[PDB]
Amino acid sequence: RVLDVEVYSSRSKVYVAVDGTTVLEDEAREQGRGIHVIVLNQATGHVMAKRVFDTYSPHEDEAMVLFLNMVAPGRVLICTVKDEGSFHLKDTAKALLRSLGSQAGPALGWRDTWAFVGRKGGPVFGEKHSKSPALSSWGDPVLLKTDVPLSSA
């Protein structure tokens, strides 16, 4: 059928809920910065992997690329930003996000918020993005609600 997916991105908090159950939550004050990634099985919605890449810091984007490249094309892929995910989100990682169909990922900027749900090998199911209005500010919280189709048989 479908999965009811909720993805929240903000300065101080991320969460992901699937069918009304929270599968990822991070509101720890000075922890969990960067891009949180959840991978779901495309038939059951079970969580196959959960990661966080602190892409405000060097080398985390490289780890993110190596991880995403191992994710199977049929998987549901969910990304959400806590605090800052762009400073060291460099060209190879942005090109990979573009190849998934993400519009905001390849454009991600300083303290922007971003929530994404898509099938790894395409298409994107939902995406939201808020641009930070000033270097001293963060993007607005975004809460993406998306009905994700499930595979069967």
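Each residue number is its position in the shown sequence, starting from 1.
S.K.: Averaging only over Cα atoms, indicate whether 17-25 or 134-142 has the higher B-factor in the PDB entry.
M.R.: Here the higher of the two C-alpha B-factor means belongs to 134-142.
S.K.: Give the stretch, out of 37-45 and 105-113, with the larger mean C-alpha temperature factor in the deposited entry.
M.R.: Going by the record's values, the stretch with the higher mean is 105-113.
S.K.: Sorting by Cα B-factor within the chain, modelled residues only, which third would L89 end up in: lowest, middle or highest?
M.R.: For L89, the deposited C-alpha B-factor lands in the lowest third.
S.K.: Thinking about Cα B factors across the chain, which third does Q31 belong to?
M.R.: It falls in the top third of the chain.
S.K.: How does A63 rank on Cα B-factor within its chain, lowest, middle or highest third?
M.R.: It belongs to the lowest third of the chain when residues are ordered by C-alpha B-factor.
S.K.: Would you mind checking where the Cα B-factor of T55 ranks among the modelled residues of its chain, as the lowest, middle or highest third?
M.R.: It falls in the bottom third of the chain.
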